[PDB]
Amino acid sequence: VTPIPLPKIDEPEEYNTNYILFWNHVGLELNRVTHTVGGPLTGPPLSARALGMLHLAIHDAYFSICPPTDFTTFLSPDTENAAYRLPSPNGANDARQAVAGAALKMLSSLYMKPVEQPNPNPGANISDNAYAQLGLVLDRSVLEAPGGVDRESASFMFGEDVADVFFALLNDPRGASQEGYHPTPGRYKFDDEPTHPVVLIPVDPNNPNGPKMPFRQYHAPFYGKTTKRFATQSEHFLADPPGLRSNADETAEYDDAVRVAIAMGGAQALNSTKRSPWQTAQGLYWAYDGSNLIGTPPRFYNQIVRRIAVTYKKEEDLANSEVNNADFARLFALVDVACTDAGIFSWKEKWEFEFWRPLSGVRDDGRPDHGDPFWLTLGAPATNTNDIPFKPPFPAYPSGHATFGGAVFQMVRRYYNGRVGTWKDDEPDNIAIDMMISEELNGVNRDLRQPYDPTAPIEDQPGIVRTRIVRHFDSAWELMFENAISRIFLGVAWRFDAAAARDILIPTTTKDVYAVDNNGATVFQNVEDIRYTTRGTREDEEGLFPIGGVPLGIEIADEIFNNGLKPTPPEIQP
């Protein structure tokens, strides 16, 4: 089959001389390729789960052979419960081959055709071409692996065993099932996107030019409540969103939220849009909304973490350093597990409340002086395609991006505290990075004038090229903040989907109403002053709970970290 020409990644090629980074890279390649061909594990929550599984297998394969001192493996060889019993090396002492076996096994089990019956129903929707393209990636990775891959080594085979255990334990074949789900229309209720109410999909994935059929997609409505958590030691909840349940009386907040939504997230040319060109850039920068050759958010977070990892490594040698190998193996397991669980809980809460997206909220508001029945958002960028901006096929509260970011960056903060600088775990850090480029704005990717051609490199395809923007950030606190507000700029998130409006916006004399500048644009607090303290109530539970994605993510990362990356007790699994 003709291999898809993938655009070059903006990252020093030296990174991939390290085998932990290399295998992470392979996972990221599969992420973007599966989103280009429509293969398995697409979408935000499941793509995160795949990386968590990959790094958990790598983590245990490496630390079994090269025992850690300050912590232990995720699973142990002395577990009485077979499902949680980690294989023993028994002579295997080649960590490089152990990691290779684990990585190759896990990725193969995850992305290759589920010949073992699972092909029916679950996988019965992915074309053979999709599997073919994914296989190419895996195949050449074996050939590109630093130091080579010796499939005959005992160490390699051991790694495979490790992967088998994690796969059988954590894989959720029916994770993205939507069978039986249907929206419950009403005020504040999620329903089909007015801009993309239905889509025509081919009856046969293997014949994309043959007959189509109307399809209404709902992204993983049961995943969050039914799936097996990775390392969380409890269930996490958020305050009821403004307008619902115990907070149904929070009308001033909601009304002002509608106001901020129109001004900050509308289409570029609308007269009501007050968002600045720089804010528009911040919005697209963090997108990674499952586009061709780009993938989902977890991919970008890992790209950023890769830079942080190399920028703050203890030893200069990327290739031959056990200090670096252990550091990277540990960091990525923590980060990707935090990301996986953040995906589980953001999705659990998303479908729990089924809060509508700003587009529907503004349009269907119903009040002549509040809504705009013809409003349009900047929307999720339809990169490397000729389709128009959409909005993620799932509820708004909390923001998936915000939760993912909260988890990933709080983990990075907990991990590097006292090493890169010193800070209170709930206050701004100094983990700066520069030369950070998003593939949404890299001077290569673009908005095509015609349908994407997978046999030609993106550069040879007519379209409007995305401006290349090279960024520098002063801290993971900033990354966390900007990743969250980018969704407000795209018009896909309400302000409270990110965090409590009181913690991120500039207040006025009127309660629940926030400051705007001379030209109407919403004013945000300085990153250094932001503290996620404001909590709210839940109708179904006593106590105060976090508001928005960022606080939820922070909470998840702290818990996992504080427990040293320990499996979720099976007793508390769904």
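Numbers for residues come from their place in the sequence shown, where the first is 1.
J.: Higher mean Cα B-factor in the deposited model: 100 to 108 or 202 to 210?
T.: Between 202 to 210 and 100 to 108, it is 202 to 210 that shows the higher mean C-alpha B-factor.
J.: Mean CA B-factor: is it higher for 356 to 364 or for 243 to 251?
T.: It is 243 to 251.
J.: So among 219, 299, 85, 471, who wins on Cα B-factor in the entry?
T.: Highest C-alpha B-factor among the listed residues goes to 85.
J.: Please pick out which of 527, 547, 54, 37 has the largest Cα B-factor as recorded in the entry.
T.: 527 has the highest C-alpha B-factor of those listed.
J.: Quick one: classify residue 131 as lowest, middle or highest third of the chain based on its Cα B-factor.
T.: Residue 131: CA B-factor falls in the middle third of its chain.
J.: Ordered by C-alpha B-factor within the chain, which third holds residue 27? Give me lowest, middle or highest, please.
T.: Ranked within chain, residue 27 CA B lands in the lowest tercile.
J.: Based on the entry's values, in what third of the chain does the Cα temperature factor of residue 49 lie: lowest, middle or highest?
T.: Ranked within chain, residue 49 CA B lands in the lowest tercile.
J.: When the deposited Cα B-factors of this chain's modelled residues are ordered and cut into thirds, is residue 271 in the lowest, the middle or the highest one?
T.: As the PDB entry reports it, the C-alpha B-factor of residue 271 lands in the lowest third of its chain.
J.: So where's residue 503 on the chain's Cα temperature factor ranking, which third?
T.: It falls in the middle third of the chain.
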